[PDB]
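Take a look at this single chain in structure tokens; it is the form deposited in one PDB entry.
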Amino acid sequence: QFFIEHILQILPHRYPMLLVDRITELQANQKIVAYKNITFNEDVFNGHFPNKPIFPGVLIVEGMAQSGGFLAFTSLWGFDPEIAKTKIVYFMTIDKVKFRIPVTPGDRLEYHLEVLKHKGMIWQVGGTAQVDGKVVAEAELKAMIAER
């Protein structure tokens, strides 16, 4: 397992845009299973929405893109914080996303992504976000790693 501290050593994202808390499964060039805890104590809930906290669907996707990003980094150079500290990640395409169940405080948002296709710095992954066994969202995306 990779914990927050390791996640920090690979992903360029920081607060309040680092939406992955832990990595539970990793299989180079194949897939990755990870998650982020959802708590009321997040600033995003002050406006989405007042008196009715609902984790933004677009942030679920960002969390999936980030999980895929970690798969890309590690699959490319392994766990190398040195190289990681010079790159960043750009979103290229998002497609076929569907939300089925709203994610709320108290939820364990689990990301399940598999590599669809990749070449060089460009990676295309797809999968689902699950809560307690159920699919709350599915999506496909292509992200690109680049030098800062």
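All residue numbers are counted from 1 along the displayed sequence. By rigid core we mean the largest C-alpha set that fits within 1.5 Å across both forms.
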36-44 versus 82-90 - which carries the larger mean C-alpha B factor in the record: 82-90
Comparing 49-57 with 116-124, the one whose average Cα B-factor in the PDB entry is higher: 116-124
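The same protein also has a form deposited in another entry, omitted here; what follows describes it.
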Rigid core superposition between the shown form and the other one: residue from 100, 52, 96, 119 with Cα shift of 2 Å or more: 119
